[PDB]
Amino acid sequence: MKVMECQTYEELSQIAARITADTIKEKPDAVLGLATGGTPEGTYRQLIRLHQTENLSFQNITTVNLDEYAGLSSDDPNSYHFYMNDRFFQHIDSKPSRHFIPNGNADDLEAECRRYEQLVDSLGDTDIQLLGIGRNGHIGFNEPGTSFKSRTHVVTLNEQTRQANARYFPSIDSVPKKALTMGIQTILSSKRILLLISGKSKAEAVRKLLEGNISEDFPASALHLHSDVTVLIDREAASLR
């Protein structure tokens, strides 16, 4: 696991965008695994800037997202479909049909998860997977106690996760209770993992991650099993290391 300490969130975001662009340009038709939340927002902004300043083309890319909330339609402003379109897809020259995200408004959520797992396998897995980390070590919405063999599945969100994400909702009472997420094994199948971590709130998780103990009680510790992980950490997140 290669750890790079970044002086600022802006530097983190520039570095992450550059690694992502490398992936896009390394081969005609890359498959990118993407993530939402606060942490990658700068990375998306910088990727869009590269589209303008370095003539970066997304014409041939395919993407897969980590997760989606259960019961939210794609036009719901808190859906991850909406996030991805707003922050990224609307601003680039990709083919919209090659952006894949779990359907939180499928009739049968268990069946949707099986079909999504099958879709990801059929793409040949990802060339890179962007990740964030929860305060509790979660990756995707794979909470403490998740098997390292897990595949795409329906989960019940921990209270800490709903607490953290309420900032994006009108109130806590609007935060969904369940989500669909790529599993840990799904994530580990990527060729390359890029874990982004920012802010003092994640300083406890960074400490635990770098110490190297492996247990299902800290999901991100599964990344110690992968052959090509880069972790970008800004100064605030590195403060309790």
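The first residue of the shown sequence is 1; numbering continues from there.
With 171 to 179 and 52 to 60 compared on mean CA B-factor from the PDB entry, the stretch scoring higher is 171 to 179. A summary of the deposited B-factors shows that, of 37 to 45 and 24 to 32, the stretch with the larger mean C-alpha value is 24 to 32. Considering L210, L195, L188, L66 together, the PDB entry gives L210 the largest C-alpha B factor. Looking at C113, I101, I128, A106, the one whose CA carries the top B-factor in the deposited record is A106.
In the PDB entry, a CA B factor belonging to the lowest third of its chain's modelled residues is recorded for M84.
Annotation for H153: C-alpha temperature factor in the lowest third relative to the rest of the modelled chain, per the entry.
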